[PDB]
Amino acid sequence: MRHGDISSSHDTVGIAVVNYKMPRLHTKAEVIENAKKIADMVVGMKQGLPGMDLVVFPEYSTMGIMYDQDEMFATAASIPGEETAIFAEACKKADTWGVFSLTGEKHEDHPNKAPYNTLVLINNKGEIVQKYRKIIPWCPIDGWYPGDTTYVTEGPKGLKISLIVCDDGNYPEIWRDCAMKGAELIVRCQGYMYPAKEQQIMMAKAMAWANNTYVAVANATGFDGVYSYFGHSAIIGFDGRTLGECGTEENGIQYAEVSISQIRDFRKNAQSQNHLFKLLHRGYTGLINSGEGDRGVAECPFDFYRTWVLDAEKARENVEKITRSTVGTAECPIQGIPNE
């Protein structure tokens, strides 16, 4: 957990995050050409950052956002496929792990259902070791089919990694789920457009803190014809302090060293802010002092979560009363999104 050098040690994973300029592409050939640009960038970055063990690219960095539906379907990727092969060669040549974005990934019922929005973690041998599909698409605009699963994978030097995508990160639940499955690093890849710049910078730091986890964010930059992407790729310590952060600049990079021993030492020995431990051992001191044994309380005291788990339809009904009943609003209509 230290910032400023280009090296890394046996104890630290050298993580680079890339403020990749958002492409605006239309064809499969254009997508392959840009994949090769990303590969070239990986290899060059390693020459400058000899400690680099993990390189992270934004959501949409391979395809850009395929606004045209026909082009979306025509460029949707297979995984493994040609794009991932190009990335895997770069990971081998640069002796690094990497996180890359396939937007779309063909649905099992392609082309008759929307593609997924997917990340892969590729190891330094070129092997795909995690494939994560966006659980929370950025609706209404995002038309991707939602995924359903989070994963944790042993990463470089044994650092445990989970992947999440852009809007996912507004929801504390996903960060919690990953950490509670053992993640030590949560990687948030995004094409996060203005407006919500300051809110997203803050969310990543808050979630690092709340889940006692390292966080790496790679966010797109530039204007793509529709959106301007605000950058601020970052690496954040498990104590909530930023390691390094980019600005809004195109093809900014940040690089930091995250210590394997430090996060493990914290998770064993931290007390007042060992959030993962404490959530499942509530009130341990008071129960001990009250003659009630020495584990605190584990039971979930939050009705929302009990209802959501038992009766998701009821939870949905409840929130519709607080918000609205239809996915659209007639005060700001959007074609294809129903309203009242």
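The first residue of the shown sequence is 1; numbering continues from there.
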query	finding
Stretch with the higher entry mean CA B-factor, where the candidates are 67-75 and 131-139	67-75
Stretch exceeding the other in mean C-alpha B-factor - 203-211, 106-114	106-114
Of the residues 124, 254, 221, 101, the one carrying the largest Cα B-factor as recorded	124
Largest Cα B-factor, entry values, listed residues 46, 275, 314, 281	314
Position of residue 1 among the chain's modelled residues by C-alpha B-factor, lowest, middle or highest third	middle
Within-chain third of residue 24 by Cα B-factor, per the entry	highest
Among modelled residues of the same chain, the CA temperature factor third for residue 290	highest
Lowest, middle or highest third - CA B-factor, residue 225	middle
Residue 301 - Cα temperature factor, lowest/middle/highest third of chain	highest
